[PDB]
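Chemist: Need the 3D shape of this:
(3 chains)
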Amino acid sequence: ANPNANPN
Amino acid sequence: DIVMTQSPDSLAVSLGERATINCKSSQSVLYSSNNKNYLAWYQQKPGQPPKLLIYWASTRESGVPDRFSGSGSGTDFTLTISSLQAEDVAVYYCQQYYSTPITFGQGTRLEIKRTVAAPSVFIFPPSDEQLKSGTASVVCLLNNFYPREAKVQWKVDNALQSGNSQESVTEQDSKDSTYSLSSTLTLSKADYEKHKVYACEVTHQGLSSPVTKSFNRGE
Amino acid sequence: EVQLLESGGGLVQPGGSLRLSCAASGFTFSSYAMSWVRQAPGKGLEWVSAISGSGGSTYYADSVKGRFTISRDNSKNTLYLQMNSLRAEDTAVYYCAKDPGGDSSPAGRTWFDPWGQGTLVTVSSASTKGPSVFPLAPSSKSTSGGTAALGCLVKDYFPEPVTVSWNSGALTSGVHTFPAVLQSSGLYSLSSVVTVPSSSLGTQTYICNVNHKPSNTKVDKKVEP
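Modeler: Numbers count the residues shown, from 1 in each chain, chains lettered A, B, ... in the order given. What follows is the structure:
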């Protein structure tokens, strides 16, 4: 649900 | 680490006009998987913590007035403040959160431009209470002026002073957009008692010629 | 509402240690990564450290690695920053700041909302000293037409900050409390002034309330013409 995915 | 560079470092804009601040990242903060730009903007007023304005480069935080907007993509971003209001005087920061450590821009100081206002000038002799402890502080107040540039020149028996004063300037007022300034001349009691006429001469764009406020010690 | 409240800042000797605390309220504390971000006087923002919601992961800026330790007590809604081997360049306001969306990875890789009001950490060998307060009395040389200026000189104190009010908070219009200047002695000084109707001088009492909490110095100075 947290849209702040790690772009790595 | 990603370096964030804001342009300009400072600018002055009048109420009701549009202010634009740019922010560049040293590498792209656009994630291809979700097409999001990992960029935020903050506003920081004096004495206060930063306050979030914008995230994901263009999403306005709940409660932020819609005159604040963010745009841009990749490495090049912009904060625009439409219809500027007097309380918008602040330092604005961009920040990336694409990779760690997270990093901020250096800040852009937004000044409110207003009409020219000459300072009101006041001079205060040292208090008798301070004098009996051996030091004399003479204080000159320049109240509610714009623009910020101002020159204070202390004169003691008409000799211009240097190296024995210090100045302080307030943050721009969030309602009337003026500045105030204090200059303090510090003398030993012995030096203070050696002279008679203490004068503060003020030069400012709002004054058609320099203004002098003075007193005679011991009158 | 979500609120963060830092405490623990103060004056520290170089090489010394201090523990900062941040009390959180208004949300499920353990669901959110938390960070410390600092701001040296007059400078920008520098992230310091972060911790995951569970406390299982901690990260540090290179500038504090090996000297600072971040921790949290998820039974007390509190975040901590233990600072050892403090240096002059660690002088700053330290802010607690919350991940708005949850427990983003790595902890601290986020934007921040809200931030606390901050706690001031001063790293210096200079000794604590309370200020002397002297009146800036109104007179003809501070009276022009209908407005007079008066004030208080708050001289020779360390460390920052001092607070000044007028008439115990009742007088706020026209008050300017100037930023402190560091004198060549290593002590600060500032003035606080207010402009008032000159017709009021003969009958209205004016008192400046100076407070230097670092030295537990509280001074009220009546300012008379």
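
Chemist: Any idea which residue is closest to the centre of chain B?
Modeler: Closest residue to the average C-alpha location of chain B: residue B:171 at 4.7 Å, with Cα atoms, centre = their mean.

Chemist: Secondary structure class of that residue, three-state.
Modeler: With DSSP: H, G, I helix; E, B strand; the rest coil as the basis, residue B:171 sits in coil.

Chemist: give me the number of residues near the residue in chain B that chain A sits nearest to?
Modeler: Nearest residue of chain B to chain A (Cβ to the nearest Cβ) works out as residue B:31 at 3.9 Å. Bear in mind the C-beta positions are built from the backbone N, C-alpha and C, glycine included. Counted with other Cβ atoms under 10 Å in any protein chain shown, the neighbours of residue B:31 add up to 15.

Chemist: what does chain A have sitting close to chain C?
Modeler: Contact residues, chain A versus chain C (Cβ under 8 Å from any Cβ of the partner chain): A:1, A:2, A:3, A:4, A:6.

Chemist: could I get the residues you listed as TSV with distance to residue C:204, secondary structure and neighbour count?
Modeler: Below are the residues of chain A next to chain C laid out as TSV (distance: Cβ to Cβ, whole Å; DSSP: H, G, I helix; E, B strand; the rest coil; neighbours: other Cβ atoms under 10 Å in any protein chain shown):
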residue	distance to residue C:204	secondary structure	neighbour count
A:1	60	coil	4
A:2	58	coil	13
A:3	58	coil	10
A:4	56	coil	22
A:6	62	coil	15
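
Chemist: With adjacent residues omitted, what lies nearest to the closest residue to chain B within chain A?
Modeler: Ranking the residues of chain A by distance to chain B (Cβ to the nearest Cβ) places residue A:7 first, at 3.9 Å. Spatial nearest neighbour of residue A:7, excluding adjacent residues (Cβ to Cβ, 6 or more residues apart in numbering or on different chains): residue B:31 at 3.9 Å.

Chemist: Name all residues that make contact with the one you found.
Modeler: Residue B:31 makes contacts with A:5, A:7, B:37, B:38, B:98, as judged by Cβ atoms under 8 Å, 6 or more residues apart in numbering or on different chains.

Chemist: Isn't residue C:11 up against residue C:128?
Modeler: Yes. Using Cβ atoms under 8 Å, residue C:11 is in contact with residue C:128, at 6.3 Å.

Chemist: Between the two ends of stretch B:52-64, how far is it?
Modeler: One end of stretch B:52-64 sits 8 Å from the other (Cα to Cα, to the nearest Å).

Chemist: What are the contacting residues of that stretch?
Modeler: Here stretch B:52-64 has contacts from B:36-43, B:66, B:68-73, B:77, B:79, B:92, C:100, C:111-114, using Cβ under 8 Å, 6+ apart.

Chemist: what do you get if the cut-off is 6 Å, keeping everything else the same?
Modeler: B:36-37, B:39-43, B:68, B:70-72, B:77, C:111, C:113 (Cβ atoms under 6 Å, 6 or more residues apart in numbering or on different chains).

Chemist: Check stretch B:91-99 too.
Modeler: Counting by Cβ under 6 Å, 6+ apart, A:7, B:2, B:4, B:21, B:23, B:25, B:29, B:38-44, B:103-105, B:107-109, C:109-111 sit against stretch B:91-99.

Chemist: just stretch C:120-128 next, same as before
Modeler: For stretch C:120-128, using Cβ under 6 Å, 6+ apart, the contacting residues are C:9, C:11-14, C:86, C:88, C:90-94, C:158-159, C:186, C:214-215.

Chemist: Just the CA atoms of that stretch, as PDB, please.
Modeler: The C-alpha atoms that make up stretch C:120-128 are tabulated as PDB, following Å, rounded to 0.1, in the frame of the first residue of the first chain:
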ATOM      1  CA  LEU C 120      19.400  22.900  19.900                       C
ATOM      2  CA  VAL C 121      22.700  21.200  20.500                       C
ATOM      3  CA  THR C 122      25.700  23.500  21.200                       C
ATOM      4  CA  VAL C 123      29.200  22.000  21.300                       C
ATOM      5  CA  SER C 124      31.600  24.400  22.900                       C
ATOM      6  CA  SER C 125      34.100  24.600  25.800                       C
ATOM      7  CA  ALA C 126      32.800  28.100  26.700                       C
ATOM      8  CA  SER C 127      31.100  28.300  30.000                       C
ATOM      9  CA  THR C 128      27.400  29.000  30.700                       C
END
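
Chemist: what about the residue of chain B positioned farthest from its centre, which helix or strand?
Modeler: Going by Cα atoms, centre = their mean, the residue of chain B most distant from its centre is residue B:33, 41.6 Å out. Using DSSP states H and E, residue B:33 is not contained in any helix or strand.

Chemist: Find the residue closest to residue 4 in space, skipping its chain neighbours.
Modeler: I'll assume chain A. Of all residues not flanking residue A:4 in the chain, residue C:104 sits nearest, at 4.4 Å (Cβ to Cβ, 6+ apart).

Chemist: switch to chain B, that's the one I care about
Modeler: Counting by Cβ to Cβ, 6+ apart, the residue nearest residue B:4 is residue B:105, at 4.0 Å.

Chemist: Which positions in the host helix or strand of residue C:122 come out as buried?
Modeler: In this assignment (DSSP H and E), residue C:122 forms part of strand C:119-123. Across strand C:119-123, burial judged by 16 or more other Cβ atoms under 10 Å in any protein chain shown covers C:119, C:120, C:121, C:122, C:123.

Chemist: what do you get for stretch C:111-121?
Modeler: For stretch C:111-121, by 16+ other Cβ under 10 Å, it's C:111, C:112, C:113, C:114, C:115, C:116, C:118, C:119, C:120, C:121.
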